[PDB]
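Next up, structure tokens for two forms of one chain, structure 1 and then structure 2.
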Structure 1
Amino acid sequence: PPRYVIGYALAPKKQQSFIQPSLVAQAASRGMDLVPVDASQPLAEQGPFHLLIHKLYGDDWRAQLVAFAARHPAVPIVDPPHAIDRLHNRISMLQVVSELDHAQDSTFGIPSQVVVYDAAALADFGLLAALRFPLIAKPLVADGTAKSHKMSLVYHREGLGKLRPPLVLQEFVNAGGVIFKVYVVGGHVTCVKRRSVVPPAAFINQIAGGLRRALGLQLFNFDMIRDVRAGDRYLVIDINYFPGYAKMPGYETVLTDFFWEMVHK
């Protein structure tokens, strides 16, 4: 029978966490060879691939991925670098979340955001003094490789001024102090609690489904909070591409099942 190459272009820290012996074995056992993409050697040179999965951020990388995609159209890229660019600026990410609102008993919003570009505005922008604390403060442009590119919590206006713009802030007072981190692989969903009353599974699936159509992304997760004013309403606060699946257990089986689905696309 035939064998399926899965190319993988990942940062070393991500290789260590994601490409684990248990993944490599299960995949190999089902006829799927996870093959590392030489970073020191153009993609178009590198061996034939039945699927390309990557999490690299460059105009350089982007360029090779586009060559390849026109060179090899039938070969799925997970995910296509167009789709991934939408999540890089923390305002654009929520724009794509806003696209599907058709999805019952529960409701989903995006929280309103404030973007502060310069230290001059952080001090002087009047609107900031009408903000409730705490605040989720994220830097505006993200990736997964640059350290500073994960969310943080601000209680005093003093603490806010000690931050490095550009940044995006949202209010965190309506959240009740709880965050659910939903993980998505194609049409599969996995969900986890976290402290800093669990949404109906059919609601999470509706949203996960929505985000997937809208995002055009196979591999992402999303954070939602309950709006505790109503007891039934939920907000999507973050969307990160290709998160730490290696955290949820049995990820190997989910990801191998997904790879199989992808190489019979």
Structure 2
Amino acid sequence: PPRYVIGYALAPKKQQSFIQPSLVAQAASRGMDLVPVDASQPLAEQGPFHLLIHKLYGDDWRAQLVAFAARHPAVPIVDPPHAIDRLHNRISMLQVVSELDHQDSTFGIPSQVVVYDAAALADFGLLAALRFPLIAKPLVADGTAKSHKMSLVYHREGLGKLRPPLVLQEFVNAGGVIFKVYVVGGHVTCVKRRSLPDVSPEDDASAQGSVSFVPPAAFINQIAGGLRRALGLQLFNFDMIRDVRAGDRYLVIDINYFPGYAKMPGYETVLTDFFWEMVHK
């Protein structure tokens, strides 16, 4: 009964959250050995590996994965950098998701306003017919975590202070609720987040968060399945809203590589079954 080496190249803070003793031991009990990748040596001098999982960015890290992928074509990489690239530009990302087909629920993409420079952020006429609150997000991101963050914006003044180029999306047809859907291979958890039309400094109104494992479950798996086929990613979460006008249409508003799976209890079982699948194809 052979053993599988699962290499992992993660920042220390992501190691602390995701590589917990309970995951290491569960995986070792099933013949899978989680081995940290030395950031101080080339990847080519390390291993061998039966599977490689990472959350690092840079041209050096990318070169290594290209080298590695050429030297070792059979060894799965989670995820390949070419596939994480698809998230780099918010507008290209949502385009790749739009090329899905179709069920008693429909799923669409909300329209986006792209503002490239400071000047336009002042004097672009259309901005003055937007409804608040708005989701703002930098246009390009991969790397620094702040680029991955999506802001709720309550005032025109507060927009005027964001750093362009950014993407603007209306949030008013959502009923104040975002569904964050964690995916590993085939699914995991949904966080329901409720936001409000008034900020909190403006009026003392409340926001709330709950967890489950709320939109139809057969539909969420249909979506999650298509995102994975289209993006070629195995580890992502995706933000979605109900269009509460009809009340049966859903919209994908965001996608994030390798989110915080350790926040969900029982993540160790889900990720260990995933590693098992990946090293047996």
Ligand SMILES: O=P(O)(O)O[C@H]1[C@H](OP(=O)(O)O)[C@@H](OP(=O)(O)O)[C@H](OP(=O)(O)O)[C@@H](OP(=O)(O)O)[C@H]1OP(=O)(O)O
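Rigid core: the largest C-alpha set superposing within 1.5 Å between the two forms. For residue numbers, the reference is structure 1: its sequence is counted from 1.
J.: Specify the structure that is the form deposited without the named molecule; exactly one of the two qualifies.
T.: Structure 1 is the one deposited without the named molecule.
J.: Let me spell it out: fit the two forms on their rigid core, measure each listed C-alpha, and pick the one of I179, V75, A137, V189 that moves 2 Å or more between structures 1 and 2. Which is it?
T.: Result of the comparison: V189.
J.: Once the core is aligned, please say if the CA of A146 is shifted by at least 2 angstroms between structures 1 and 2.
T.: Comparing the forms between structures 1 and 2, which are aligned on their rigid core, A146 does shift its C-alpha by 2 Å or more.
J.: Enter the rigid core superposed C-alpha shift of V116 between structures 1 and 2, rounded to one decimal in Å.
T.: Here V116 registers a C-alpha shift of 1.4 Å.
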